[PDB]
$ cat run38.txt   # compact mmCIF, C-alpha atoms and all ligand atoms
# COMPACT_ATOMS: atom_id res chain seq x y z
CA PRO F 1 -2.75 -7.59 5.21
CA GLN F 2 -1.30 -4.44 6.78
CA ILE F 3 1.79 -2.83 5.24
CA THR F 4 4.08 -0.23 6.83
CA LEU F 5 5.78 2.30 4.56
CA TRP F 6 9.47 2.23 5.53
CA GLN F 7 10.00 0.29 2.33
CA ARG F 8 8.26 0.52 -1.06
CA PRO F 9 4.85 -1.21 -0.84
CA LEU F 10 5.94 -3.65 -3.56
CA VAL F 11 3.79 -6.72 -4.10
CA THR F 12 3.43 -9.78 -6.28
CA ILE F 13 0.85 -9.73 -9.01
CA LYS F 14 -0.17 -12.23 -11.65
CA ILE F 15 -1.46 -11.04 -15.00
CA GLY F 16 -1.81 -12.68 -18.40
CA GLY F 17 -0.35 -15.86 -16.91
CA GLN F 18 2.79 -13.97 -15.76
CA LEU F 19 4.25 -13.17 -12.34
CA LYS F 20 5.44 -9.61 -11.74
CA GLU F 21 6.36 -7.26 -8.92
CA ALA F 22 4.29 -4.10 -8.56
CA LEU F 23 4.16 -0.96 -6.42
CA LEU F 24 0.94 -0.19 -4.48
CA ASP F 25 0.35 3.49 -5.49
CA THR F 26 -2.33 5.58 -3.77
CA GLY F 27 -1.24 8.60 -5.79
CA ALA F 28 -2.23 6.85 -9.02
CA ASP F 29 -5.76 6.94 -10.43
CA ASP F 30 -4.72 4.27 -12.91
CA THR F 31 -2.88 0.97 -13.02
CA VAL F 32 0.12 1.12 -15.33
CA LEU F 33 2.28 -1.87 -16.26
CA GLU F 34 5.62 -1.88 -18.06
CA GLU F 35 5.72 -3.27 -21.59
CA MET F 36 4.32 -6.77 -21.42
CA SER F 37 2.77 -9.53 -23.47
CA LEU F 38 -0.96 -8.95 -22.90
CA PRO F 39 -3.79 -10.54 -24.89
CA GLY F 40 -6.79 -8.68 -26.28
CA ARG F 41 -7.80 -5.47 -28.07
CA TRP F 42 -6.97 -2.01 -26.68
CA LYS F 43 -7.37 1.77 -27.19
CA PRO F 44 -4.71 4.53 -27.34
CA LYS F 45 -4.38 6.72 -24.24
CA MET F 46 -2.33 9.64 -22.85
CA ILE F 47 -1.55 9.86 -19.11
CA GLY F 48 0.34 12.25 -16.82
CA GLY F 49 2.93 12.02 -14.07
CA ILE F 50 5.45 14.19 -12.26
CA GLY F 51 7.90 14.17 -15.17
CA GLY F 52 5.42 14.90 -17.96
CA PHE F 53 3.33 12.59 -20.10
CA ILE F 54 3.30 9.18 -21.69
CA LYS F 55 1.26 7.21 -24.16
CA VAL F 56 -0.27 3.94 -22.99
CA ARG F 57 -2.38 1.02 -24.21
CA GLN F 58 -5.83 0.82 -22.65
CA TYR F 59 -6.86 -2.73 -21.76
CA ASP F 60 -10.34 -3.05 -20.26
CA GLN F 61 -11.82 -5.73 -18.00
CA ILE F 62 -8.46 -7.40 -17.56
CA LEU F 63 -8.10 -10.03 -14.80
CA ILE F 64 -5.24 -9.56 -12.35
CA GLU F 65 -4.24 -11.17 -9.08
CA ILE F 66 -2.82 -8.86 -6.43
CA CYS F 67 -1.32 -10.56 -3.40
CA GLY F 68 -3.86 -13.39 -3.60
CA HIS F 69 -6.77 -11.02 -4.26
CA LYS F 70 -8.33 -11.11 -7.73
CA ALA F 71 -9.78 -8.13 -9.59
CA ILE F 72 -11.00 -7.14 -13.02
CA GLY F 73 -10.51 -3.66 -14.45
CA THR F 74 -8.60 -1.37 -16.76
CA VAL F 75 -4.92 -1.99 -17.17
CA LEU F 76 -2.64 0.49 -18.95
CA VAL F 77 0.57 -0.67 -20.61
CA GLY F 78 3.42 1.56 -21.66
CA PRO F 79 6.80 3.09 -21.01
CA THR F 80 6.63 3.16 -17.21
CA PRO F 81 9.74 2.27 -15.18
CA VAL F 82 7.78 0.56 -12.38
CA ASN F 83 4.61 -1.54 -12.47
CA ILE F 84 1.97 0.58 -10.74
CA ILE F 85 -1.26 -0.53 -9.08
CA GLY F 86 -3.63 2.38 -8.82
CA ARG F 87 -6.85 3.19 -7.09
CA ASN F 88 -9.00 1.61 -9.79
CA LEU F 89 -7.64 -1.73 -8.61
CA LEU F 90 -6.86 -0.77 -5.01
CA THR F 91 -10.51 -0.09 -4.32
CA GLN F 92 -11.28 -3.46 -5.80
CA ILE F 93 -9.12 -5.52 -3.47
CA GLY F 94 -10.47 -3.44 -0.59
CA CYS F 95 -7.35 -1.52 0.35
CA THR F 96 -7.24 1.46 2.73
CA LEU F 97 -4.78 3.98 4.13
CA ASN F 98 -4.56 4.10 7.91
CA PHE F 99 -2.92 6.52 10.34
CA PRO N 1 -8.20 7.90 10.44
CA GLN N 2 -8.96 5.31 7.77
CA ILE N 3 -9.04 6.53 4.17
CA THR N 4 -10.67 4.56 1.33
CA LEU N 5 -9.52 5.20 -2.23
CA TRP N 6 -12.72 5.73 -4.24
CA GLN N 7 -11.57 9.33 -4.59
CA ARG N 8 -8.02 10.74 -4.51
CA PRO N 9 -6.77 10.62 -0.90
CA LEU N 10 -6.39 14.40 -0.51
CA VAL N 11 -5.52 15.97 2.84
CA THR N 12 -5.03 19.43 4.36
CA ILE N 13 -1.41 20.24 5.15
CA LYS N 14 -0.02 23.24 6.95
CA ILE N 15 3.51 24.32 6.00
CA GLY N 16 5.46 27.58 6.32
CA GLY N 17 2.48 29.36 7.90
CA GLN N 18 0.21 28.36 4.98
CA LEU N 19 -2.65 25.95 4.34
CA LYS N 20 -2.64 23.54 1.41
CA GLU N 21 -4.23 20.39 0.05
CA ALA N 22 -1.86 17.48 -0.52
CA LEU N 23 -2.20 13.98 -1.98
CA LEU N 24 -1.19 11.00 0.20
CA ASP N 25 1.06 9.03 -2.17
CA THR N 26 2.43 5.59 -1.23
CA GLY N 27 4.14 5.43 -4.65
CA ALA N 28 6.37 8.41 -3.81
CA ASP N 29 9.62 7.89 -1.96
CA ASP N 30 9.69 11.66 -1.39
CA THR N 31 7.44 14.61 -0.57
CA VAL N 32 7.16 17.12 -3.42
CA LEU N 33 5.26 20.42 -3.07
CA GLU N 34 4.47 22.94 -5.78
CA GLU N 35 6.48 26.18 -5.83
CA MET N 36 5.97 27.97 -2.55
CA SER N 37 7.32 30.67 -0.30
CA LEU N 38 9.58 28.58 1.91
CA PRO N 39 12.29 30.21 4.01
CA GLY N 40 15.90 29.12 4.36
CA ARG N 41 18.72 27.22 2.71
CA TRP N 42 18.13 24.41 0.22
CA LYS N 43 19.97 22.19 -2.31
CA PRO N 44 19.34 21.39 -5.97
CA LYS N 45 18.09 17.91 -6.75
CA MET N 46 16.78 15.76 -9.61
CA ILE N 47 13.83 13.37 -9.31
CA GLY N 48 11.76 11.09 -11.53
CA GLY N 49 8.26 9.70 -11.99
CA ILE N 50 6.02 8.78 -14.91
CA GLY N 51 6.79 11.12 -17.80
CA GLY N 52 10.37 11.87 -16.83
CA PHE N 53 12.31 14.01 -14.38
CA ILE N 54 12.05 17.39 -12.68
CA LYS N 55 14.58 19.46 -10.77
CA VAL N 56 13.43 20.33 -7.29
CA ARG N 57 14.71 22.46 -4.44
CA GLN N 58 15.54 20.38 -1.37
CA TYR N 59 14.76 21.67 2.13
CA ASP N 60 15.97 19.58 5.06
CA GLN N 61 14.23 19.49 8.42
CA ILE N 62 11.02 21.28 7.50
CA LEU N 63 8.06 21.04 9.91
CA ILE N 64 4.79 20.03 8.26
CA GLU N 65 1.38 19.17 9.67
CA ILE N 66 -0.70 16.46 8.00
CA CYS N 67 -4.39 15.96 8.91
CA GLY N 68 -3.45 17.06 12.46
CA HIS N 69 -0.20 15.13 12.55
CA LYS N 70 3.11 16.93 12.98
CA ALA N 71 6.23 15.60 11.26
CA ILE N 72 9.63 16.98 10.39
CA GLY N 73 11.58 16.06 7.30
CA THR N 74 12.76 16.77 3.80
CA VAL N 75 10.28 18.56 1.56
CA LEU N 76 10.98 19.03 -2.13
CA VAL N 77 9.83 22.10 -4.00
CA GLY N 78 9.50 22.40 -7.76
CA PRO N 79 7.32 22.02 -10.85
CA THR N 80 4.98 19.31 -9.62
CA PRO N 81 1.38 19.69 -10.86
CA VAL N 82 0.05 18.68 -7.41
CA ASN N 83 1.22 18.51 -3.77
CA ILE N 84 2.54 15.06 -2.91
CA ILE N 85 3.10 13.61 0.59
CA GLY N 86 5.65 10.81 0.21
CA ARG N 87 6.86 7.84 2.19
CA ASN N 88 9.45 9.97 3.98
CA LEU N 89 6.65 11.75 5.81
CA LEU N 90 4.03 9.02 5.69
CA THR N 91 6.08 6.87 8.04
CA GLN N 92 6.29 9.77 10.48
CA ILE N 93 2.51 9.80 10.87
CA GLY N 94 2.27 6.04 11.27
CA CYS N 95 0.42 5.67 8.01
CA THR N 96 -0.11 2.13 6.72
CA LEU N 97 -1.79 0.44 3.77
CA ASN N 98 -4.51 -2.09 4.61
CA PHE N 99 -6.39 -4.66 2.53
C1 LIG U 101 6.87 12.05 -6.91
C2 LIG U 101 8.13 11.21 -6.76
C3 LIG U 101 8.79 11.42 -5.41
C4 LIG U 101 9.11 11.43 -7.91
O1 LIG U 101 7.72 9.80 -6.84
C5 LIG U 101 7.04 9.39 -7.94
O2 LIG U 101 7.07 9.97 -9.01
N1 LIG U 101 6.43 8.21 -7.66
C6 LIG U 101 5.67 7.45 -8.63
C7 LIG U 101 6.17 6.00 -8.66
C8 LIG U 101 7.38 5.79 -9.55
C9 LIG U 101 8.25 4.73 -9.32
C10 LIG U 101 9.34 4.52 -10.14
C11 LIG U 101 9.58 5.38 -11.20
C12 LIG U 101 8.72 6.44 -11.43
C13 LIG U 101 7.63 6.64 -10.61
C14 LIG U 101 4.15 7.48 -8.35
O3 LIG U 101 3.47 7.03 -9.51
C15 LIG U 101 3.69 8.91 -7.99
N2 LIG U 101 2.24 8.99 -7.82
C16 LIG U 101 1.61 10.17 -8.37
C17 LIG U 101 2.48 11.42 -8.22
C18 LIG U 101 1.79 12.63 -8.85
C19 LIG U 101 0.45 12.87 -8.57
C20 LIG U 101 -0.21 13.94 -9.13
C21 LIG U 101 0.47 14.78 -9.99
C22 LIG U 101 1.81 14.56 -10.27
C23 LIG U 101 2.46 13.48 -9.71
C24 LIG U 101 1.28 10.01 -9.86
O4 LIG U 101 2.08 10.35 -10.73
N3 LIG U 101 0.05 9.59 -10.15
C25 LIG U 101 -0.32 9.34 -11.54
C26 LIG U 101 -0.13 7.85 -11.85
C27 LIG U 101 -0.28 7.50 -13.32
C28 LIG U 101 -1.74 7.29 -13.67
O5 LIG U 101 -2.59 7.49 -12.77
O6 LIG U 101 -2.05 6.83 -14.78
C29 LIG U 101 -1.72 9.82 -11.85
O7 LIG U 101 -2.67 9.55 -11.14
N4 LIG U 101 -1.86 10.54 -12.96
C30 LIG U 101 -3.22 10.97 -13.34
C31 LIG U 101 -3.48 12.42 -12.96
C32 LIG U 101 -2.71 13.46 -13.74
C33 LIG U 101 -3.09 13.85 -15.01
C34 LIG U 101 -2.38 14.80 -15.72
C35 LIG U 101 -1.26 15.39 -15.16
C36 LIG U 101 -0.86 15.01 -13.89
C37 LIG U 101 -1.58 14.06 -13.19
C38 LIG U 101 -3.42 10.75 -14.84
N5 LIG U 101 -4.55 10.11 -15.19
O8 LIG U 101 -2.58 11.12 -15.66
$ encode --input "run38.txt" --output "structure tokens"
Amino acid sequence: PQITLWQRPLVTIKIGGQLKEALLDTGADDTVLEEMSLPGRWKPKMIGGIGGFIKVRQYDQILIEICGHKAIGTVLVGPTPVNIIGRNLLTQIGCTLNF
Amino acid sequence: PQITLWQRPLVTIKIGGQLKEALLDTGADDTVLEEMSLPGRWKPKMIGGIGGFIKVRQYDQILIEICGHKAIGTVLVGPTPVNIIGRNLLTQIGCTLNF
């Protein structure tokens, strides 16, 4: 699809059998989900944003469905206020900016 | 034009007589620029992202040129690590997400 930006580019995703809303973020290298019940092993990570920094949980090769389009890749889980879909997944589902 | 997301979607902006590089960010409601010589009156403000919050200086009705495209709007100035073009200005240049 095509999405205009008058509103947040919020979308439905499905991950670890659960349905969640998530923001399509071109300013994010990574995908960061709020605290959630995810299965598998992980590795400790530190990431940065406008406010400062937070510690995440690195989940690799995780399946996720974004607006009907499936992708596998790294998913970070931590103290973020919004679920964020970053370029590691945005490239996957073939998403582009247009103007 | 069309911008894929294999690399950060960085663009050349001109503002206040000066040339900078700014990141096209669909996850940002607002435009936030690093500290810069900007003329005029402004108003304190507090904003948040991953990591926490920063206080910015708010400039209303500032002209800015993005990849050739002229737009006028609010620009925020403060301790952001990088230049961010937000949805307030992204609408003004007809920018959309596509996938
Ligand atoms: C900037 C304002 C107007 C306050 O909006 C946001 O903060 N919007 C955020 C959405 C949000 C919604 C609700 C609540 C809080 C936040 C986006 O995530 C903003 N996108 C960029 C804004 C930005 C870019 C560059 C520098 C500072 C700030 C971002 O933080 N991108 C992060 C997303 C998190 C992530 O990718 O894991 C990023 O790529 N961070 C990199 C790059 C980096 C590294 C170290 C320091 C600074 C940046 C990283 N791997 O840490």
$ interface_residues --input "run38.txt" --of "chain F" --to "chain N" --cutoff "10 Å" --atoms "all atoms listed in the file" --output "ChimeraX atom specification"
/F:1-10,23-29,32,47-55,67,69,79-82,84-99
$ write_last_selection --input "run38.txt" --atoms "C-alpha atoms" --output "PDB file, in the coordinates of the input"
ATOM      1  CA  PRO F   1      -2.750  -7.590   5.210  1.00  0.00           C
ATOM      2  CA  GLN F   2      -1.300  -4.440   6.780  1.00  0.00           C
ATOM      3  CA  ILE F   3       1.790  -2.830   5.240  1.00  0.00           C
ATOM      4  CA  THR F   4       4.080  -0.230   6.830  1.00  0.00           C
ATOM      5  CA  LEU F   5       5.780   2.300   4.560  1.00  0.00           C
ATOM      6  CA  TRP F   6       9.470   2.230   5.530  1.00  0.00           C
ATOM      7  CA  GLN F   7      10.000   0.290   2.330  1.00  0.00           C
ATOM      8  CA  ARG F   8       8.260   0.520  -1.060  1.00  0.00           C
ATOM      9  CA  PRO F   9       4.850  -1.210  -0.840  1.00  0.00           C
ATOM     10  CA  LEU F  10       5.940  -3.650  -3.560  1.00  0.00           C
ATOM     11  CA  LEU F  23       4.160  -0.960  -6.420  1.00  0.00           C
ATOM     12  CA  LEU F  24       0.940  -0.190  -4.480  1.00  0.00           C
ATOM     13  CA  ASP F  25       0.350   3.490  -5.490  1.00  0.00           C
ATOM     14  CA  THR F  26      -2.330   5.580  -3.770  1.00  0.00           C
ATOM     15  CA  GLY F  27      -1.240   8.600  -5.790  1.00  0.00           C
ATOM     16  CA  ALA F  28      -2.230   6.850  -9.020  1.00  0.00           C
ATOM     17  CA  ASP F  29      -5.760   6.940 -10.430  1.00  0.00           C
ATOM     18  CA  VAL F  32       0.120   1.120 -15.330  1.00  0.00           C
ATOM     19  CA  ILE F  47      -1.550   9.860 -19.110  1.00  0.00           C
ATOM     20  CA  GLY F  48       0.340  12.250 -16.820  1.00  0.00           C
ATOM     21  CA  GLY F  49       2.930  12.020 -14.070  1.00  0.00           C
ATOM     22  CA  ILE F  50       5.450  14.190 -12.260  1.00  0.00           C
ATOM     23  CA  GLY F  51       7.900  14.170 -15.170  1.00  0.00           C
ATOM     24  CA  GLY F  52       5.420  14.900 -17.960  1.00  0.00           C
ATOM     25  CA  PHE F  53       3.330  12.590 -20.100  1.00  0.00           C
ATOM     26  CA  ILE F  54       3.300   9.180 -21.690  1.00  0.00           C
ATOM     27  CA  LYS F  55       1.260   7.210 -24.160  1.00  0.00           C
ATOM     28  CA  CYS F  67      -1.320 -10.560  -3.400  1.00  0.00           C
ATOM     29  CA  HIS F  69      -6.770 -11.020  -4.260  1.00  0.00           C
ATOM     30  CA  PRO F  79       6.800   3.090 -21.010  1.00  0.00           C
ATOM     31  CA  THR F  80       6.630   3.160 -17.210  1.00  0.00           C
ATOM     32  CA  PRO F  81       9.740   2.270 -15.180  1.00  0.00           C
ATOM     33  CA  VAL F  82       7.780   0.560 -12.380  1.00  0.00           C
ATOM     34  CA  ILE F  84       1.970   0.580 -10.740  1.00  0.00           C
ATOM     35  CA  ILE F  85      -1.260  -0.530  -9.080  1.00  0.00           C
ATOM     36  CA  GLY F  86      -3.630   2.380  -8.820  1.00  0.00           C
ATOM     37  CA  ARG F  87      -6.850   3.190  -7.090  1.00  0.00           C
ATOM     38  CA  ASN F  88      -9.000   1.610  -9.790  1.00  0.00           C
ATOM     39  CA  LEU F  89      -7.640  -1.730  -8.610  1.00  0.00           C
ATOM     40  CA  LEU F  90      -6.860  -0.770  -5.010  1.00  0.00           C
ATOM     41  CA  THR F  91     -10.510  -0.090  -4.320  1.00  0.00           C
ATOM     42  CA  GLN F  92     -11.280  -3.460  -5.800  1.00  0.00           C
ATOM     43  CA  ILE F  93      -9.120  -5.520  -3.470  1.00  0.00           C
ATOM     44  CA  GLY F  94     -10.470  -3.440  -0.590  1.00  0.00           C
ATOM     45  CA  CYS F  95      -7.350  -1.520   0.350  1.00  0.00           C
ATOM     46  CA  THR F  96      -7.240   1.460   2.730  1.00  0.00           C
ATOM     47  CA  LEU F  97      -4.780   3.980   4.130  1.00  0.00           C
ATOM     48  CA  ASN F  98      -4.560   4.100   7.910  1.00  0.00           C
ATOM     49  CA  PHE F  99      -2.920   6.520  10.340  1.00  0.00           C
TER      50      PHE F  99
END
$ axis_aligned_box --input "run38.txt" --around "region 16-27 of chain F" --padding-each-side "8 Å" --output "AutoDock Vina command-line options"
--center_x 2.0 --center_y -3.6 --center_z -11.1 --size_x 24.7 --size_y 40.5 --size_z 30.6
$ calpha_fit_rmsd --input "run38.txt" --fixed "chain F" --moving "chain N"
0.2 Å
$ closest_residue --input "run38.txt" --among "N:66, N:12, N:31, N:58" --to "residue 44 (chain N)" --atoms "all atoms listed in the file"
N:58
$ residues_near_point --input "run38.txt" --point "(8.2, 31.1, 0.8)" --cutoff "10 Å" --atoms "all atoms listed in the file" --output "list in words"
residues 15, 16, 17, 18, 35, 36, 37, 38, 39 and 40 of chain N
$ closest_residue --input "run38.txt" --among "N:14, N:70, N:46, N:41" --to "ligand LIG 101 (chain U)" --atoms "all atoms listed in the file"
N:46
$ closest_residue --input "run38.txt" --among "F:11, F:63, F:77, F:72" --to "ligand LIG 101 (chain U)" --atoms "all atoms listed in the file"
F:77
$ closest_residue --input "run38.txt" --among "F:30, F:64, F:83, F:42" --to "ligand LIG 101 (chain U)" --atoms "only C-alpha atoms and all ligand atoms"
F:30
$ atom_distance --input "run38.txt" --atom1 "CA of residue 21 (chain N)" --atom2 "CA of residue 60 (chain N)"
20.8 Å
$ build_atoms --input "run38.txt" --residues "region 18-29 of chain N" --atoms "N, CA, C and O atoms" --output "PDB file, in the frame of the given file"
ATOM      1  N   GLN N  18       1.248  28.441   5.994  1.00  0.00           N
ATOM      2  CA  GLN N  18       0.210  28.360   4.980  1.00  0.00           C
ATOM      3  C   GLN N  18      -0.570  27.051   4.935  1.00  0.00           C
ATOM      4  O   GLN N  18      -0.106  25.985   5.340  1.00  0.00           O
ATOM      5  N   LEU N  19      -1.788  27.132   4.392  1.00  0.00           N
ATOM      6  CA  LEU N  19      -2.650  25.950   4.340  1.00  0.00           C
ATOM      7  C   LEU N  19      -2.705  25.411   2.917  1.00  0.00           C
ATOM      8  O   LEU N  19      -2.949  26.157   1.969  1.00  0.00           O
ATOM      9  N   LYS N  20      -2.461  24.109   2.742  1.00  0.00           N
ATOM     10  CA  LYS N  20      -2.640  23.540   1.410  1.00  0.00           C
ATOM     11  C   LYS N  20      -3.305  22.165   1.466  1.00  0.00           C
ATOM     12  O   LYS N  20      -3.454  21.546   2.520  1.00  0.00           O
ATOM     13  N   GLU N  21      -3.690  21.723   0.275  1.00  0.00           N
ATOM     14  CA  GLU N  21      -4.230  20.390   0.050  1.00  0.00           C
ATOM     15  C   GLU N  21      -3.142  19.513  -0.566  1.00  0.00           C
ATOM     16  O   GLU N  21      -2.507  19.910  -1.554  1.00  0.00           O
ATOM     17  N   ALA N  22      -2.918  18.339   0.013  1.00  0.00           N
ATOM     18  CA  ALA N  22      -1.860  17.480  -0.520  1.00  0.00           C
ATOM     19  C   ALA N  22      -2.352  16.045  -0.683  1.00  0.00           C
ATOM     20  O   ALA N  22      -3.240  15.590   0.030  1.00  0.00           O
ATOM     21  N   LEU N  23      -1.771  15.324  -1.632  1.00  0.00           N
ATOM     22  CA  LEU N  23      -2.200  13.980  -1.980  1.00  0.00           C
ATOM     23  C   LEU N  23      -1.325  12.957  -1.270  1.00  0.00           C
ATOM     24  O   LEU N  23      -0.102  13.021  -1.423  1.00  0.00           O
ATOM     25  N   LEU N  24      -1.939  12.059  -0.501  1.00  0.00           N
ATOM     26  CA  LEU N  24      -1.190  11.000   0.200  1.00  0.00           C
ATOM     27  C   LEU N  24      -0.717   9.981  -0.827  1.00  0.00           C
ATOM     28  O   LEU N  24      -1.520   9.265  -1.433  1.00  0.00           O
ATOM     29  N   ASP N  25       0.580   9.872  -1.071  1.00  0.00           N
ATOM     30  CA  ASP N  25       1.060   9.030  -2.170  1.00  0.00           C
ATOM     31  C   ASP N  25       2.063   7.965  -1.726  1.00  0.00           C
ATOM     32  O   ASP N  25       3.228   8.287  -1.494  1.00  0.00           O
ATOM     33  N   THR N  26       1.606   6.715  -1.653  1.00  0.00           N
ATOM     34  CA  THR N  26       2.430   5.590  -1.230  1.00  0.00           C
ATOM     35  C   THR N  26       3.445   5.208  -2.314  1.00  0.00           C
ATOM     36  O   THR N  26       4.413   4.483  -2.055  1.00  0.00           O
ATOM     37  N   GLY N  27       3.252   5.698  -3.532  1.00  0.00           N
ATOM     38  CA  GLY N  27       4.140   5.430  -4.650  1.00  0.00           C
ATOM     39  C   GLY N  27       5.301   6.411  -4.720  1.00  0.00           C
ATOM     40  O   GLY N  27       6.169   6.281  -5.587  1.00  0.00           O
ATOM     41  N   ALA N  28       5.327   7.394  -3.826  1.00  0.00           N
ATOM     42  CA  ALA N  28       6.370   8.410  -3.810  1.00  0.00           C
ATOM     43  C   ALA N  28       7.389   8.168  -2.710  1.00  0.00           C
ATOM     44  O   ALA N  28       7.074   8.102  -1.514  1.00  0.00           O
ATOM     45  N   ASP N  29       8.677   8.030  -3.078  1.00  0.00           N
ATOM     46  CA  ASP N  29       9.620   7.890  -1.960  1.00  0.00           C
ATOM     47  C   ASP N  29       9.634   9.199  -1.158  1.00  0.00           C
ATOM     48  O   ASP N  29       9.730   9.145   0.062  1.00  0.00           O
TER      49      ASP N  29
END
